[PDB]
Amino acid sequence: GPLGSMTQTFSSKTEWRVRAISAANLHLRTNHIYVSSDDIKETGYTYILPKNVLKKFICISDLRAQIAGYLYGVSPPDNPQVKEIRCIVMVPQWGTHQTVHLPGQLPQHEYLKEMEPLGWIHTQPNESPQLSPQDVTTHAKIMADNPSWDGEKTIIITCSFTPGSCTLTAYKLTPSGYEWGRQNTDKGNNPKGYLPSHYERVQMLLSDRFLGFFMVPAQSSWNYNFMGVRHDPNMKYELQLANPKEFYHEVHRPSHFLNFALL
């Protein structure tokens, strides 16, 4: 029993430093991107995701806090059943390991007016055999508020951090999934009514034959995970044609750079 023989002093070892070190290694995974093809029958639309924007999306992300982008695209001139993803849009957001928080307002920019919305992509820490109930709820609420999101055409792509790699899987809602998700108020992991038949897998392919681009906010950056207080479901934003900054870029965590200045 040492009140005095053995005294020790606590020394902060803060969480985000370790995660910043980890996020600096994300580029290694962009060489090991897998798409699951466990779906069958080939009936719905086929989605083609250009590798350049997917690699960038991975590189700007975090191992533990999900990030999301909005998907915009069109069909090739003569194959209406193929959807080419041409743009990812990053909007102000924050996330946990289980969900992302986006504004209510969807991207508006003239430069996107010739594309159709195709849904959204998000990262998550681990693979999962099923589409999470949070994703179903989020997608269903977006669709309920935005009739431009066609339930037969908008998808969720999940980007799961597997060993030294990323695994992509794409899903869409079913009618019953829309109806359950739009009324679901239980944010937990096992909300009542949630069913495996609330979604289904959809065919997705990676491509090197064309390039997508990004749009990002016009006056902020997209990452608010260090300033959630400044983030609001009702916030509004404009967009610009530019590429997104990585998760731990200085413009995302300016309080680390003003507070260190006090020793």
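Only the largest set of C-alpha atoms that superpose within 1.5 Å between the two forms is called the rigid core. Each residue number is its position in the shown sequence, starting from 1.
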**Study point:** Which of 31-39 and 54-62 lies farther from this form in 6 other deposited structures of this protein, as RMS of C-alpha positions after a rigid core fit
**Key:** 31-39
Review point. What stretch has the higher average Cα B-factor here, 126-134 or 82-90?
Key: 126-134
Check your understanding: So which stretch wins on mean C-alpha B-factor, 16-24 or 236-244?
Key -> 16-24
Study note, to complete from the structure: Comparing C-alpha B-factors across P191, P103, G119, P147 in this entry, the winner is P191
Point to revise | Residue, from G69, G212, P196, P217, that the PDB entry assigns the highest Cα B-factor | key: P196
Exercise for review: Select lowest, middle or highest to describe the third in which the CA B-factor of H32 falls within its chain in this entry.
Suggested key: middle
Exercise for review: Would you check the entry's CA temperature factor for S207 and let me know if it's in the chain's lowest, middle or highest third?
Suggested key: middle
Check your understanding: Taking the entry's C-alpha B-factors for this chain, is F57 in the lowest, middle or highest third?
Key -> lowest
Review point. Going by what the PDB entry lists, where does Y45 fall on CA B-factor within its chain: lowest, middle or highest third?
Key: highest
Review point. Ranked by Cα temperature factor within the chain, is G181 in the lowest third, the middle third or the highest third?
Key: middle
